[PDB]
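Listed next as C-alpha cells is one chain, alone, in the form deposited in one PDB entry.
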C-alpha cells in the first residue's frame, strides 16, 4: 500500500541503527581511539576525534562525503530540476536516509517543504521593525530563535513525552524549519535591499530553490541553477565545524531545533567561519580599489599578512588540499561566466595566494576553501549585496545540521559535556 513518507522510512531505519550501535559498543566501547595532548587542548581540539556525526565525513585529502558520496558523485546521482544541478531536496533525503532518492521521493520533500512554509505574525513583525544597520546574520538568528514559540518538540517536552519519541518531534521541528528558512531569508533581503516590495508566495509546484529565487526576486534561469548547487554543496561538512558542532552541542541539552539552529548561525557568523563568504568579497573589493600584475597582487597579500589579519577564503582546519567545494564552483564559473573580471581575479589569486601562504610558513593548509569562490558566482548574477552572502550559507547548512539533529535524538546521544582544565591544573597534572 500507500506512498512517500520520510518519517515512515525513518521509523524502519532507527531500531536497526540503534541495535547496530549497541553491539558495536558492547564490543568496542573501551577501545582507545586516540590520545589527547596539551597542544591539542590549547589548540582548539585540533586533531581530536571527539564526535559522532553521521551524515557526512570529511577526508583531509579527498574532501567531504555525504554517504561515502563525493560531490562529483552527488552531481551525477541526485535528481535535477529537469536541468543540470542537483536538488538540495535529494541531498536531504540522502543525508537522512543514507540512500539515493528517486525523483519521486525528491518531489515529495518539495511539496512538503512547500506545505510547511509559513511565518507567524510576530516574526514578520520583528523583521519589519529591524534596523538596516543590523547585520543580515543577526536578523536571521534573532528571527529563528523567535520561531521557537512554534516548536513541536518544545511543546511535546513540556507535556512530558517519553524520551524514546524525541526523534519524532525533532523531525517535524526540522521539516517545518527548513520549510520556513527561505521565507525568513528572503524577507530580510527584501526589507534590506528591495524596500517596499514583498516576498510573495510559495508555489507548491516548484522546488525549494526555485521558490527561494522567486522570493529573492531573481528571474535568471541560470541563477536558479546556481542556487540549487549552492544550497546543495553548502549542506554539511562533518560535525566538528563550528556551526554544525554548535547545533549538536546545544541540541544536546534538549533545546529545540529552532534554538539549536539559531546558535549555529551565531557560529556561521564568525569571520573565521561562514562570514568568510563575505569577507572574501570585501577584500576583493578593497583589492581592486587600491587588472593588476602578479607582483602588485603579491605586495597586497603581504600587506594583509603583515598587518596581522587573515587572508580570507584560504586555509582550513581539516582539509589538506584544495576544497572540492572550491573546484566545484570553479567548474561552474568556467561553464557560465568564464570572462568575468572578478572571476578572472579569483583565478589569479589561486595562482598566488597559496604560494605566498607557503612562503610565510604558518598556515598548515594554504589552499582555498569554499568561501574563496562562492561570492564571485553570486555577484555575477546581480546579487552584489556581500553582507548578505552568509545567510545563503545558513539556509543551506540547515540541511545538514538538522538531518543529523534528527539522528542524535533518534540514537539517544546524551549531553555533550567534556571536562575542562586550567593552565595551573594542567601544569600540575
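Numbering follows the first chain given and starts at 1. Between two forms, the rigid core is defined as the largest C-alpha subset superposing within 1.5 Å.
**Report entry** Deposited residues omitted from coordinates between residue 290 and residue 291, as a class
**Finding:** Going from residue 290 to residue 291, the model skips 1 to 3 residues of the deposited sequence.
Report task. Look at the stretch from residue 82 to residue 83 and count the residues of the deposited sequence that the entry does not model, then pick none, 1 to 3, 4 to 9, or 10 or more. Result -> 1 to 3 residues are missing.
Requested in this report: Give the stretch, out of 323-331 and 199-207, with the larger mean C-alpha temperature factor in the deposited entry.
Outcome: For C-alpha atoms only, the mean B-factor is higher in 199-207.
**Report entry** Mean C-alpha B-factor comparison - 161-169 and 294-302, higher one
**Finding:** Mean CA B-factor is higher for 294-302.
Requested in this report: Specify which of 16, 409, 25, 417 carries the largest Cα B factor in the deposited PDB entry.
Outcome: Among 16, 409, 25, 417, the PDB entry lists the largest C-alpha B-factor for 16.
**Report entry** Largest Cα B-factor, entry values, listed residues 387, 379, 365, 31
**Finding:** The C-alpha B-factor peaks, among 387, 379, 365, 31, at 31.
Query raised in the report: Going by what the PDB entry lists, where does residue 369 fall on CA B-factor within its chain: lowest, middle or highest third?
Result: For residue 369, whose C-alpha B-factor we compare with every modelled residue in the chain, the answer is the lowest third.
Query raised in the report: Mind checking which third residue 422 falls in for C-alpha B-factor across the chain?
Result: As the PDB entry reports it, the C-alpha B-factor of residue 422 lands in the middle third of its chain.
Requested in this report: Rank-wise, by C-alpha B-factor, drop residue 182 into the lowest, middle or highest third of its chain.
Outcome: For residue 182, the deposited C-alpha B-factor lands in the lowest third.
Query raised in the report: Where does residue 70 sit by CA temperature factor within its chain: lowest, middle or highest third?
Result: Lowest third - that is where residue 70 ends up once the chain's C-alpha B-factors are sorted.
Requested in this report: Among all modelled residues of this chain, ranked by Cα B factor, put residue 124 in the bottom, middle or top third, i.e. lowest, middle or highest.
Outcome: Tercile = middle for this residue's CA B-factor.
The same protein also exists as the form deposited in another entry; that form is not shown, yet it is the one meant from here on.
**Report entry** Shifted position (C-alpha, 2 Å or more, core held fixed) between the shown form and the other one, chosen from 309, 115, 122, 165
**Finding:** Everything else stays below 2 Å; the exception is 309.
Requested in this report: Inspect the rigid-core superposition and answer whether the C-alpha of residue 338 shifts by 2 angstroms or more between the shown form and the other one.
Outcome: For residue 338, whose C-alpha is compared between the shown form and the other one after core superposition, the shift is 2 Å or more.
Report task. Examine residue 322 after superposing the rigid core and state whether its CA is displaced by 2 Å or more between the shown form and the other one. Result -> Yes, its C-alpha moves 2 Å or more.
Query - Rigid core fit then residue 361 CA moved by 2 Å or more between the shown form and the other one - result: Comparing forms between the shown form and the other one, the residue 361 CA shifts at least 2 Å.
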